[PDB]
Student: 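Got a structure for you, questions after.
Proteins come first, then strands; the chains are lettered A, B, ... in the order of their sequence lines, and each starts at number 1.
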Amino acid sequence: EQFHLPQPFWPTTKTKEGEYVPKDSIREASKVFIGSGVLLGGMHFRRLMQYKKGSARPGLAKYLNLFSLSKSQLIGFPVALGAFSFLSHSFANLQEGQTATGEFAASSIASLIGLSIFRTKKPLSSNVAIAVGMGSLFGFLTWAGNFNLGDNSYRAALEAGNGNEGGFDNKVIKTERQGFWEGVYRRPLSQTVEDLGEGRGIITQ
Amino acid sequence: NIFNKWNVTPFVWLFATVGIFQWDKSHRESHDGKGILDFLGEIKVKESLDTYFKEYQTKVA
Amino acid sequence: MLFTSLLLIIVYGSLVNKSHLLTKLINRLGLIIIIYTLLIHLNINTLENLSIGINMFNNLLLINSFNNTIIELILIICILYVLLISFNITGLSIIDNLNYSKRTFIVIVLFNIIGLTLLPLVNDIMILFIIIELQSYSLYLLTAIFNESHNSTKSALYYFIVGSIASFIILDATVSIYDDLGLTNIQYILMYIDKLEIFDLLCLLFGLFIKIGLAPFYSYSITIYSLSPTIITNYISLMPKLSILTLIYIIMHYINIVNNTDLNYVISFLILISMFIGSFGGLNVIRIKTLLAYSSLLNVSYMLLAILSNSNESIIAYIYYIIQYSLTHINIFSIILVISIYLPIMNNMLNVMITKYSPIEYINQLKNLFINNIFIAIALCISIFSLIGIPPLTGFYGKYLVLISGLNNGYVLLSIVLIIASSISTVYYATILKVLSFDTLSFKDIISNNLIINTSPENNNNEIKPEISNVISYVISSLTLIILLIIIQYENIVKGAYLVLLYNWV
Amino acid sequence: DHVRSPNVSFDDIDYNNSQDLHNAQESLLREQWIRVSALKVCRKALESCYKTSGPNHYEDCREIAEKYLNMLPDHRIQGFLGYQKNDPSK
Amino acid sequence: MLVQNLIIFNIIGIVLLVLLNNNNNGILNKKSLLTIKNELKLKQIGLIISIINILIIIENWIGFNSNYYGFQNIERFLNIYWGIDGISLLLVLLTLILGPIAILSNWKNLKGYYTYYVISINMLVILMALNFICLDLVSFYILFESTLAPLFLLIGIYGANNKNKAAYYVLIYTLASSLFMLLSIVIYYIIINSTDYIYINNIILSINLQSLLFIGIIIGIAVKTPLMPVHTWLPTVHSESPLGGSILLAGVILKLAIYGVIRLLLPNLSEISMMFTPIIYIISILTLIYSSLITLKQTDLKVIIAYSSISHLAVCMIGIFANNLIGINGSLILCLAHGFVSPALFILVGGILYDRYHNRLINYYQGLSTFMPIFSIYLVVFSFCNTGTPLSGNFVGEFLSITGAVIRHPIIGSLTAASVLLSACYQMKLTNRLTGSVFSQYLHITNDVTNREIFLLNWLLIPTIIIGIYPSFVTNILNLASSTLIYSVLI
Amino acid sequence: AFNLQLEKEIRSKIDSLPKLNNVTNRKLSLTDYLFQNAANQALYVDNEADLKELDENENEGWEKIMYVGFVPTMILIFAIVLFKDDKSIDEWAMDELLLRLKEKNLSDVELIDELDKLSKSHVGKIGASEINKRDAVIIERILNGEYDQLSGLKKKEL
Ligand SMILES: CCCCCCCCCCCCCCCCCC(=O)OC[C@H](COP(=O)(O)OCCN)OC(=O)CCCCCCCCCCCCCCCCC
Ligand SMILES: CCCCCCCCCCCCCCCCCC(=O)OC[C@H](COP(=O)(O)OCCN)OC(=O)CCCCCCCCCCCCCCCCC
Ligand SMILES: CCCCCCCCCCCC(=O)OC[C@H](COP(=O)(O)OCC[N+](C)(C)C)OC(=O)CCCCCCCCCCC
Ligand SMILES: CCCCCCCCCCCC(=O)OC[C@H](COP(=O)(O)OCC[N+](C)(C)C)OC(=O)CCCCCCCCCCC
């Protein structure tokens, strides 16, 4: 008998057992690592030409210095992004889906791998704190449902008839659990026992 | 002074409270239990209050 | 009315002699023109008749109830702006004569009002390009109206280049749509909404996002607003957003027909970045107009969340938010112009230079406003607390309605972020309030005979001479109480927003 | 005067009727307070029996003490939200 | 006949003070007569306004029926429905009572701008009082956060040396957290199209959605009680805000969180409140235990009082989340009792000692009973009231809250009994030091408690003793209203 | 009473002393704060600062307000909680239990006799107490009969 704990999790579309064709972690991660390296490397060489186009104009130099990346950054960034793509896909396959826990782990580990490259002249604990901060942000991103709930939103549920447009009726009791956005007047007592359990006032005193 | 401004005041409240208490006790025997403060008003009953509730819940719906 | 009266003003201004008095009286003529334009527009255009949507001029323009509301708002806000240049703001010649120096001030405004009103009505890609350039060019001229100012000309040069690139992107998007379909009318394009590249419309929105200072293109907007004069920044930082945001809502309304999820994510990505820059950007700044520029960016992001959702609640949220933000925008800049009379006069460390174009340029120049003018200080405090979102002010209901549309459409991440951004932005909002009042009890027993207002001569030592002119003080009083007392008429105003339809019908 | 409870059950009303729902909530609460009043009266019998019996309280008050301990777990205010929002039959 | 009269009279009162004081502000260089004696005639009018506000709720109290279930005095005003039940009636009376007390506390200890202070105090009292009589979530939130604007300026203008830091803390802590509560309110208006109290209480949402709504609401509540670990703003605000601001904050504002649990969590999120009850107890128990131990190491006199309020309200949160009538009634009794004793401790510390020596460090004070006997009498009596000694309303509230906690959870709810020892540890250590040993070598002999300060202490002590000895004055009103909040299915 | 000439006499005495920090029959009516002109008002204030400078914790201006408005208000609150005809839910339930005792056992002659002579003020004092009253049969019937109808409202079972 597991403990009865609250579940503050937004609705997500679930795939039944046998679904969720796994993602090729190596191929997906290699595309990000190669693509990032070419663009970051390509722009670095292009910015070098801008320096040679003119070096006696302070205005141009000021903006070029901001966009300039160090050699470690030019190496660290593709590796961190490549590691992020691999771990995010690898952890998703293990759980048969993408979760905030896996994204927190994928983001924090990949950031720490990258931080150890271009942030060498810093304490290790300093890089761990940033890696935890970076991983928590992307874990929050997945928990919130990425940029949009999509078909799990109330507007999508309202169009599908899973909303509360028809009102409520206490004389109709549904054995199955209601929708995420659906409200009811009266619920089965068995569902309350499932959510809370017997004990402190449910059924028994 | 033993009857100064500070000593007398606590005793005044006791005398006033007991005298009014006995007055309220006598006021209920001859008024079928109604208290001394019945002049201020009367407690509103459910029948009238529920009418406001019914109209209140009608506008909300 | 606008076009016909503009031509008369152009000829009349070039005929009469050059003087400050004639320019001010000509500015009042422009005020009458806009007032007459509002009366004519209200006489023929009604919300009920325009609900279906009526095509005009060979279907090049399409007016509906949603478009008509913004046009009425544009005319009204322009009336309040002309009052600044049509009347005294401080009563001092050394300060007020800047507004009366340029005769073409009222002419350029009338040019831009025509562009602002027609932009949401565009129904063809050809007229879309024409009108957006008509509005853009008028803004460049107004930014450069003070051609003797180094910063004004520099800002206009910056404004021209950034806007021209945005216009090229807009033109590039419309041309790409013509290549795919061969049609120029939007309604004809809607027939092929499921067969054209919907990301070409995202290219169109990218050009429009640049013109409203959205991130990552925020940098030029903050720089231009801070360098431009306060009388110019008050117009160019609000008016372009009135029309372009309305047009963006219409374009997003068409985009949602196919409901491209990838399109929403890209716009969500830009909204997320704009909330980060809008909140953290204003934390370490010393200029008041720089602070307001970050405030403008953050509030546009809030409106874009309603626009991105594009539902029935979004119409209510957007219409209310744009109206109340404009009134707050006018109120804040009106107070900033007036309170320049309380600036101390030197009679030095940091070698601070203040010019006649921007007498109020730093946040700490608002010190002791609680003592100098308690009623004006409270009016500013009410406006600032509205931007924060303190209920029951107009600002709270704007964010309350935006959150309703965002959460109804499933933008949980953006709704939580917008509330964290609101708390972060409250830090620099509260800094304005700290400067105004937090030193009142220590400076109450202070002597200030060196203020700018002290240089104003008295009439007869017996006349009760007000420190502020009748018109500008009344406008501040009216706008402040509307922001404060919106709870009295909030229910009816939203009912008016219920009737603003964008092809909803049933 | 002494107003009496408007006996109404959650099982014979429609919750969309706000007046009927209001009566069902009130009726359930008023019946629970009667049980508490009954419990206090029964406890008064136990207190009176214990004093007069002395060393005979175990025998003289045996049935009263048994009744008090059985009613105590449920002769208390339980509210109406539990029964209003739950159907025991399901 | 309540909200309409209360708002209109106070708005007229605000206008009346503004017209009189600001009439001659036109660089007249005038002297005038209203400003004589530190604007005495303007403070007096504002004090009369606060007294009349109390009479307004008393007229409606006469018609209140304690045997009627549901909201009474239902009224439509500003497109908002307003109503009163047993719980709301008592909290409104406490808020209005502290009105004149807060004004009288700063009668002649402000550097100036008394009219601004008086208007701000009366505005805060009415806004907080209106928050107990609103009948929807949106109206609840509007009044919940409307008090921030007058309070932010009040602290920043009339505050102590660190008033700037305190003003930022109260504005940002209480707004960033309340915005999470607004999200839950917005969700209610989206899926139910209404935020009415009665309407949302009858709707059962999914167990996952109730978890999300509870977290959003509890963040705003937990910061406002306050609970650990979001409590650090409160000691800073109390140590820097003016005495009248501290009285309102400690006596009314912190009670809005307990009332928020009654309205926003128990009747509408009943299923998830049962699940969250063990978590709430763990947080509140640690809040009670940690705050008492942290108080033992504080050196600021007013900070010690600030931490004492955190421990007591932890008991209130524990009692109000118990699913029985004993715990619920005890939590409400303790809130009323804390509403009188806590301001008195600030008055003794921040209003009597501070107004004479202007230093809040504890090292400067000892043996104050030698030349301030009247001060020490009230200090000792209120110290025992704060520790839960019987004959005081705090004991009735604490005992019933502890008893209700044990009934709700016999094992971990028993830990609430540690408040009896821990509260006496820090409160008496302060009182034992302030009265023991020889008179402080760093203090000059001066006046004892004056008549004005005697009045404040006596009329805060009287309600505490009356509630402590005969709490049936409070229980009778609460019994019918509080019985509706219990969720149980006994079969 | 403004008494403008009184300030003229007072001001002259203050002006007669060039040094500072080296009358009782004086008051102001409500019309003095609003109807007095600038010339008369300024004379009072200049005197007040100087007269106050020439100088415990009494006559602060709050005594009359609090002891006429606040203290009687607290008395009214005390009177309400004491002498108001309030029937709490527990008090109502006790009367209802005895009323249902009558309505269910109307054939018991002994029960009716005790209930009729059980006064309203003594209804809620059932049990051992100082009052000499007969309620043994009243308690006995309650011990034997369940007069609550909670099962009637719960028409659904597991
Ligand atoms: C590879 C191409 C370049 C990368 C794309 C950049 C453009 C898109 C980014 C949008 C924001 C535009 C900001 C302006 C462009 C940045 C230009 C730049 O790279 O300058 C670098 C700048 C200065 O860095 P500095 O270290 O001081 O100078 C280096 C000297 N060696 O360093 C900076 O400060 C720039 C960062 C600005 C802050 C942007 C933060 C956006 C929000 C991120 C967090 C999202 C918020 C929500 C988090 C939760 C989400 C779930
Ligand atoms: C119980 C109540 C709780 C209430 C508060 C809850 C939130 C708590 C947040 C905890 C995290 C912040 C506190 C710790 C940060 C300390 C920052 C710092 O120490 O320095 C800044 C750091 C660089 O370090 P440095 O400047 O060298 O300082 C010397 C350190 N030895 O700079 C850094 O490296 C930081 C990493 C770079 C910046 C990352 C920004 C990305 C976005 C961050 C989240 C923002 C989300 C905003 C959402 C709305 C806007 C979109
Ligand atoms: C319940 C609805 C109430 C709403 C309206 C309240 C009045 C507004 C102020 C207008 C009059 C005025 O600015 O007058 C100023 C008054 C009078 O102060 P004074 O000392 O005489 O002024 C100094 C002049 N001296 C030095 C010459 C004497 O002080 C106030 O500012 C008090 C009221 C405002 C308190 C809260 C401010 C922030 C409000 C934010 C709202 C969300
Ligand atoms: C979910 C519950 C939320 C509770 C509230 C959250 C924390 C509030 C912190 C108060 C800050 C304050 O007061 O701002 C004022 C402080 C001033 O700092 P200071 O005290 O003068 O010391 C520091 C100064 N020095 C070093 C010179 C002495 O500036 C700040 O810190 C600015 C950043 C504040 C951003 C807050 C955004 C919160 C986002 C929402 C939560 C994720």
Student: Side chain, backbone, both or neither: which part of D:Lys40 has an atom under 4.5 Å from a heavy atom of chain F?
Tutor: side chain
Student: Quick check for you: among D:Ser89, D:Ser9, D:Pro88, D:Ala24, which has the greatest number of heavy-atom pairs under 4.5 Å with chain F?
Tutor: D:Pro88
Student: If you tally heavy-atom pairs under 4.5 Å against chain D, which of F:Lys156, F:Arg100, F:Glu146, F:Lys155 wins?
Tutor: F:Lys156
Student: Please identify, among F:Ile89, F:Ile139, F:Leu97, the residue contributing the most non-hydrogen atom pairs under 4.5 Å to chain D.
Tutor: F:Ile89
Student: Do other residues, nucleotides or ligands put more than 12 heavy atoms under 6.0 Å from D:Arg4 CZ?
Tutor: yes
Student: Quick one: what part of D:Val41 sits under 4.5 Å from any heavy atom of chain F, side chain, backbone, both or neither?
Tutor: both
Student: Is F:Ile138 close to F:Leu118 at the side-chain level, that is, under 4.5 Å between some pair of heavy atoms?
Tutor: yes
Student: Would you call F:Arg141 and F:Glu114 a salt bridge, taking side-chain N to carboxylate O under 4.0 Å as the test?
Tutor: no
Student: Just checking F:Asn144: does its CG atom have more than 12 heavy atoms from other residues, nucleotides or ligands closer to it than 6.0 angstrom?
Tutor: no
Student: Using every non-hydrogen atom in the two residues, find where D:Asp74 and D:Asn70 come nearest and quote the distance to one decimal.
Tutor: OD1-O, 3.5 Å
Student: Name the region of F:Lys154, side chain, backbone, both or neither, that has any atom closer than 4.5 Å to a heavy atom of chain D.
Tutor: both
Student: Contact part of D:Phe10 toward chain F, heavy-atom cut-off under 4.5 Å: side chain, backbone, both or neither?
Tutor: backbone
Student: Relative to chain D, which of F:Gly152, F:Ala136, F:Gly127, F:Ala93 shows the most heavy atom pairs under 4.5 Å?
Tutor: F:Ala93
Student: Should F:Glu48 and F:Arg26 count as an ion pair when the cut-off is N to O under 4.0 Å?
Tutor: yes
Student: Which atoms of F:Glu96 are under 4.5 Å from chain D, going by heavy atoms: the side chain, the backbone, both sets, or neither?
Tutor: both
Student: Inspect the surroundings of NZ in F:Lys102 and state if more than 12 heavy atoms from other residues, nucleotides or ligands are less than 6.0 Å away.
Tutor: no
